[PDB]
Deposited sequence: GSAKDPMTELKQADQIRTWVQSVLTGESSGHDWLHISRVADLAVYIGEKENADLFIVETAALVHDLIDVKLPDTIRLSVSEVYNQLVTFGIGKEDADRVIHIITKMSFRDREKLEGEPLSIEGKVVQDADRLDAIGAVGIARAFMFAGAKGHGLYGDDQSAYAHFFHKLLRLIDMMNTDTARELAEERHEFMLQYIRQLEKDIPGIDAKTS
């Protein structure tokens, strides 16, 4: 099982390149969902680990599709697995953006944007970008209704839909409470 070795190298590489905590969470989740959805677990974990490397959001860090490709083949990963990972990540991040493995990776990514973890990230992002808690259309509170509260209805697989239900319900109890703590938050 050389795939253990290869998976471990990608983790170190990615951790090096770079948040890592998001990537790690998404990979753990992708592996879990992929197992229940009969996807290729190597592909799903690997795609999860590198799903952010080619994004335009990242500054000096952003890698090219071929840089990522070359690194995987350099680690000894096969052409077909490297090709399939690239098809996943390149299908996932272009401006204004499936197979079993692609759907699982996307689901994992989206699950990480809801629930208690999703709420944390929403407020973290707002803090980083100088945005308000509420009071603006760019605020974190607004983004729950613009985006986060709809994600459950866009999940690809039965397994991700299952996991979503609990995370979605909790975000709702969170919003209800926030609205109670701050009357006129809207």
Counting from 1 along the deposited sequence, which stretches lack C-alpha positions?
-> 1-6, 25-31, 73, 112-118, 208-211
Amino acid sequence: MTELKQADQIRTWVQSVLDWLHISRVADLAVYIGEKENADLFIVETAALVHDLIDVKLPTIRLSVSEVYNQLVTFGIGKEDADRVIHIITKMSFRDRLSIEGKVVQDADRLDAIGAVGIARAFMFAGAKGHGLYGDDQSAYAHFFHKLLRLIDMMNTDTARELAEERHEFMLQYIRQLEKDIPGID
From here on, numbers count along this sequence of modelled residues.
If you average the Cα B factors in the entry, which is higher, 104-112 or 72-80?
-> 72-80
When mean C-alpha B-factors in the record are compared for 5-13 and 159-167, the larger belongs to 5-13
Highest CA temperature factor in the entry: which of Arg121, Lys36, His51, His143?
-> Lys36
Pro59: CA B-factor among chain residues, third -> highest
Within this chain's modelled residues, let me know which third the CA B factor of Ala27 belongs to: lowest, middle or highest.
-> lowest
Of the three thirds of Cα B-factor ranks in this chain, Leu41 occupies the middle
Chain thirds by Cα B factor, record data; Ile152 belongs to the middle
